[PDB]
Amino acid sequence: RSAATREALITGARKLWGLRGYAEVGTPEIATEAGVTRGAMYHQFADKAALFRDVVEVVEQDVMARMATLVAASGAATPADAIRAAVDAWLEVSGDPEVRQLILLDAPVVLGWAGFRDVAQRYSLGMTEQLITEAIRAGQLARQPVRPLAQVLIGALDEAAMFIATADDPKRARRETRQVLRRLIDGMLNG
């Protein structure tokens, strides 16, 4: 029955931390926002960061979901266009100030470096290894060790997003970084 409490808390936390950042909202305010007492919260979550970790899992589920929606909606013929769409998708979604706030800004501080690496690993890595293997098997990409490439691309993409997120002129930085990523990948991709 406590499964329900969990979800009301996660939902409330996501909304409030979404709008005002981890720092600006405390857990009592979230408990009110959910239909829950503080004791019901502390039966279910050890501390602020544990609740935040579950908020990230749910935000990631949906960032993954959006990614696959935007990529499918782009009408990509081949693995090369699939990859090309995937990068555009990631630039839009990471630009959404909920994602920007929770994932790009708060999560690195609240989770470690260690903790944060693992989140991108869980969610992106397989999807990225997937796309690459398809590009290789379709002749659009040289046969190469798949995980190192993937691992490196993830470093490039996450840094792109955070460069933007923190930029002096964010709408400009998005556009330029978009072309930069496109050139980087269009360099390796056959067609």
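We number the residues from 1 along the sequence you see. Only the largest set of C-alpha atoms that superpose within 1.5 Å between the two forms is called the rigid core.
*Asks:* When the other structures are laid on this one by the rigid core, do the CA atoms of 85 to 93 or of 113 to 121 sit farther away in 8 other deposited structures of this protein?
*Replies:* Result of the core-fitted comparison in 8 other deposited structures of this protein: 113 to 121 deviates more.
*Asks:* When the other structures are laid on this one by the rigid core, do the CA atoms of 48 to 56 or of 34 to 42 sit farther away in 8 other deposited structures of this protein?
*Replies:* It is 34 to 42 whose C-alphas lie farther from the shown form in 8 other deposited structures of this protein.
*Asks:* On average, are the C-alpha B-factors higher in 135 to 143 or in 151 to 159?
*Replies:* Per the deposited B-factors, the answer is 135 to 143.
*Asks:* Quick one: higher average CA temperature factor, 24 to 32 or 65 to 73?
*Replies:* Looking at the record's C-alpha B-factors, the answer is 65 to 73.
*Asks:* Among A80, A86, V119, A107, where is the Cα temperature factor highest, going by the PDB entry?
*Replies:* Largest recorded C-alpha B-factor: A80.
*Asks:* Please rank the C-alpha B-factors of the chain's modelled residues and tell me whether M41 sits in the lowest, middle or highest third.
*Replies:* According to the entry, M41 has a C-alpha B-factor in the chain's highest third.
*Asks:* Classify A165 as lowest, middle or highest third according to the C-alpha B-factor given in the PDB entry, relative to its own chain.
*Replies:* According to the entry, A165 has a C-alpha B-factor in the chain's highest third.
*Asks:* Sort the modelled residues of this chain by their C-alpha B factor and say whether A8 lands in the lowest, middle or highest third.
*Replies:* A8: CA B-factor falls in the middle third of its chain.
*Asks:* Tell me, lowest, middle or highest third: where does the Cα B factor of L181 rank within its chain?
*Replies:* Within its chain, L181 is a lowest-third residue by C-alpha B-factor, going by the deposited values.
*Asks:* Can you work out whether the C-alpha temperature factor of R14 puts it in the lowest, middle or highest third of the chain?
*Replies:* According to the entry, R14 has a C-alpha B-factor in the chain's lowest third.
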